[PDB]
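Geometric and topological summary
Spelled out from the first residue to the last, the chains are:
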4 protein chains.
Amino acid sequence: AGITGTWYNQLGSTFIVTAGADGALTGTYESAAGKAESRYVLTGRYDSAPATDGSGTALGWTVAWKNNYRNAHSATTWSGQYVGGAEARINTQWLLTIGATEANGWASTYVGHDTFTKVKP
Amino acid sequence: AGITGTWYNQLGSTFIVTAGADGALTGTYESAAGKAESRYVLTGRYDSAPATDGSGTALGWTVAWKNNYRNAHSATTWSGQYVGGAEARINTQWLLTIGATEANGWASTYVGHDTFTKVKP
Amino acid sequence: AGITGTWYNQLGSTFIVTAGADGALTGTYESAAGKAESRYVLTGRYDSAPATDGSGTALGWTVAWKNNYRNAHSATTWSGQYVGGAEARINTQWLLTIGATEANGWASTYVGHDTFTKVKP
Amino acid sequence: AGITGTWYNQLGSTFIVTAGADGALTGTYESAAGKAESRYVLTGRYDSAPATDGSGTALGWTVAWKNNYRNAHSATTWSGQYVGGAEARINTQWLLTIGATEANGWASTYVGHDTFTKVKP
Ligand SMILES: O=C(CCCC[C@@H]1SC[C@@H]2NC(=O)N[C@@H]21)NC1CCN(c2ccncc2)CC1
Ligand SMILES: O=C(CCCC[C@@H]1SC[C@@H]2NC(=O)N[C@@H]21)NC1CCN(c2ccncc2)CC1
Ligand SMILES: O=C(CCCC[C@@H]1SC[C@@H]2NC(=O)N[C@@H]21)NC1CCN(c2ccncc2)CC1
Ligand SMILES: O=C(CCCC[C@@H]1SC[C@@H]2NC(=O)N[C@@H]21)NC1CCN(c2ccncc2)CC1
């Protein structure tokens, strides 16, 4: 399965995840960047029976940036895939939406890309 | 608060969601487009304590496109926000990642936008 | 060809464009939103020999948000297609990048979607 | 200022650009991936008076994937910024829109990211 573990992206954020037999992803996310501190709940989904032709395993997950310590009124989803093997890796693109008035909605979404590996920064 | 229930986007897809007290989103997604049939599990997160300044409620969710009937080796995340009121809507952008070889990774992610309302278009 | 004309998006921004025989787009953009005033130079490209099977005409263009009156140190590209016929329309997605330090680069790009029609708001 | 010249991204594609005094980007793009062969015209814009606070220079450009050899009925825009220095780079995100019927419009746009450097990877 390969996905369960502790991953780090290029910003030094820490992605602690468990890939369940039902296709669920469950864990915590700690962002090294932004209006965020300590750990946040995450939940997502992954293809629990991927192709065997060398394709990666599609997955995605969501963090809402509220925990017991602060609330940044925003949420990020990551969409990507797990690529196993030599140096396993989760390649993602992400969308970060901030709570906004409908008038400011046009400016409410950031886009980016994160690459995760199991190598502690 | 007004999130739980059945929503429809401009493609006629059906988003059935429950917003739990812990910030969790759970439900089913039925896509009227693409390599999809019947319902798929979704899970996500939402800001359970949004701003009281008229801002929307930030949220997101993931569908992996595998159910008991078929497996499209892909996953979509929607990132967006709930805006309550007379014409309640959930405005989203989404990323759909397909399982891909490293060679084809550059072409592995689609982007789009879905507007969900309480009434079918 | 259909693209040459004055278009307006859902924000009330005004897109004045000329589609040239070489595949070039040339014109001005006036944004009804953001750190912008009056007109900005735009340049882009379009498929000058599109499919005849009912597909739209792929195109894109760029505005850097500097003119004689102000400079917002940012640029937007729109990628989309012209759909001719009953009510002609240009459907786009866009990416707005703000000048940033490499440390703040993660937060430097907004994503959105604009739909243009020739109907004055 | 340091923008003009030849750049390469992680796919081995070759970006040849001239930054003119009027904010214009002009050049050629040779893609090492996808339905592309040989050079394609590009045109774009860049901030010709960027911030003096260490921020990058915002920019963007478009390629329509038609040249004298072939027509892929599609176009890519790259939105990003030039960051000068010892390891100069142009960091971009991109949107690739394909010509599509209204029916298939939802699936008509790919998203990705390209990092351009002065040295081939
Ligand atoms: O910073 C966060 C939450 C932390 C996000 C961390 C991001 S997730 C993708 C990337 N990968 C990581 O590992 N980390 C980063 N939320 C802000 C966004 C900007 N905000 C506003 C408010 C008002 N106007 C404009 C902007 C306020 C809330
Ligand atoms: O169609 C789906 C899953 C259903 C997606 C429905 C999408 S979710 C965002 C939007 N909002 C909706 O309500 N519905 C649509 N997955 C395909 C994608 C394209 N695929 C390939 C494979 C190989 N090469 C190229 C493309 C194979 C798998
Ligand atoms: O607002 C503009 C330029 C006008 C953009 C208009 C946008 S183009 C897509 C959409 N379609 C339209 O028709 N109109 C809008 N640029 C800002 C962005 C936010 N900026 C910062 C600075 C520092 N930190 C965070 C954010 C400063 C520069
Ligand atoms: O491949 C290209 C044009 C070359 C794109 C190269 C891309 S630009 C961003 C990235 N950075 C690079 O340096 N190179 C790549 N266009 C295809 C796209 C997929 N197409 C369809 C058609 C019908 N159904 C589904 C898909 C047909 C046309």
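Cut-offs used in this document
Sequence positions in this view are assigned from 1 along each chain in the order the sequence is written. Entry numbering can differ, and residues without coordinates are absent from the display. Written order decides the labels, with chains lettered from A and ligands numbered from 1. Neither water nor hydrogens contribute to the side-chain values; these are computed over all heavy atoms in the structure. Alignment of copies: least-squares superposition over the C-alpha atoms. Note on contacts: a residue pair qualifies if any of its non-hydrogen atoms lie within 4.5 Å across the two residues. Here a strand is any run of E in DSSP of at least two residues, a helix any run of H or I of at least four, and the numbering for each starts at the N terminus. Criterion for a salt bridge: a side-chain nitrogen of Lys or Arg within 4 Å of a carboxyl oxygen of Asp or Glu. UniProt positions are given in the numbering used here, feature names are shortened, and annotations may be inferred rather than shown by experiment. Accessibility here uses a 1.4 Å probe with only protein chains present; expressed as a share of the type maximum, an area under 20% marks a residue as buried, one over 50% as exposed, and anything in between as partly exposed. Each of two parts loses accessible area, computed with a 1.4 Å probe, when they are put together; buried area is these two losses added. We call two N or O atoms a polar contact when they sit within 3.5 Å, provided that within protein one can donate a hydrogen and the other can accept it, with sequence-adjacent residues counted only if both atoms are side-chain atoms. Residues are grouped as follows: nonpolar covers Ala, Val, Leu, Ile, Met, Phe, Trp, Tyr, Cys and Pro; charged covers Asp, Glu, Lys and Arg; every other residue, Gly included, is treated as polar.

As documented in the archive entry, the model was determined using X-ray crystallography at 1.75 Å resolution.

**What to know about the relation of the copies chain A and chain C**
The two copies are related by a screw operation: chain A maps onto chain C through 180° of rotation and 0.0 Å of translation along the axis, at an RMSD of 0.0 Å. As the rotation angle and translation indicate, the two copies are arranged about a two-fold axis. Every residue of chain A has its C-alpha some distance from the rotation axis, and the shortest such distance is that of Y110 of chain A, at 2.1 Å. In this assembly, 100% of the residues forming the interface of chain A have copies in chain C that are likewise at the interface, indicating an isologous arrangement.

**Digging into the environment of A64 of chain A**
Tracing the backbone through its elements, the reader meets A64 of chain A in strand β5 (residues 57–66). Between the C-alpha atom of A64 of chain A and that of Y29 of chain A, which follows or precedes it by 35 residues, the distance is 10.0 Å. Setting aside residues up to four positions removed in sequence, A64 of chain A forms contacts with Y40, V41, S74 and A75 of chain A together with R45, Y46 and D47 of chain B.

**Section: the pattern of salt bridges**
All names here are of chain A. Under the counting rule described, the total for this entry stands at four salt bridges over all chains. Note that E37 is salt-bridged to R70, the shortest N-O span being 2.6 Å. With a gap of 33 residues between them, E37 in the loop between β3 (24–30) and β4 (40–46) and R70 in the loop between β5 and β6 (71–83) connect regions that are remote in the sequence.

**A look at the UniProt feature "binding site: biotin" in chain A**
All names here are of chain A. As annotated by UniProt and renumbered to match this structure, "binding site: biotin" occupies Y29, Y40, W78, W94 and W106. These annotated residues cover 78 residues of sequence, and their C-alpha atoms reach 26.9 Å apart at the extreme, placing them across more than a single site. Position of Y40 relative to the elements: it lies in strand β4. On the accessibility criterion, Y40 (1% relative accessible area) is buried. Once residues lying within four places of it in the same chain are set aside, the contact partners of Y40 are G27, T28, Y29, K35, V63, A64, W65, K66, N67 and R70.

**With respect to the interface of chain B and chain A**
Each partner contributes residues to the interface: chain B has 42 residues there, and chain A has 43 residues. At the boundary of chain B with chain A, total buried surface from both sides reaches about 3100 Å², with 57% on carbon and sulfur atoms. Interface area lost by chain B to chain A is led by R45, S79 and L95 of chain B, which between them contribute 18%. Taken together, the connections running from chain B to chain A amount to zero salt bridges. At the junction of chain B with chain A, the criterion picks out 28 residue pairs in polar contact. Elements with a minimum of two residues in the side of chain B that touches chain A: β4 (40–46), β5 (57–66), β6 (71–83) and β7 (89–98) of chain B. Looking at which element gives the most residues to the side of chain B that touches chain A, the answer is β6 of chain B, with nine residues. Residues belonging to the side of chain B that touches chain A are distributed by class as follows: 17 nonpolar, 21 polar and four charged.

**Quick look at the relation of the copies chain B and chain A**
With an axial shift of 0.0 Å and an RMSD of 0.5 Å, the rotation relating chain B to chain A amounts to 180°. Of all interface residues in chain B, 98% are interface residues in chain A too; the two copies therefore contact each other through one and the same surface.

**Description of the environment of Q10 of chain C**
All names here are of chain C. Within the element layout of this structure, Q10 appears in the loop between β1 (5–8) and β2 (14–19). Assessed through its relative accessible area of 48%, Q10 is described here as partly exposed. In this structure the C-alpha to C-alpha distance between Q10 and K66, which are 56 residues apart in sequence, comes to 22 Å. Ignoring any residue separated from it by four or fewer positions in sequence, one finds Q10 in contact with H113, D114 and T115. Polar side-chain contacts of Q10 include one of 3.5 Å to the backbone oxygen of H113. Looking at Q10, its side chain comes within polar contact range of the side chain of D114, at 2.8 Å.

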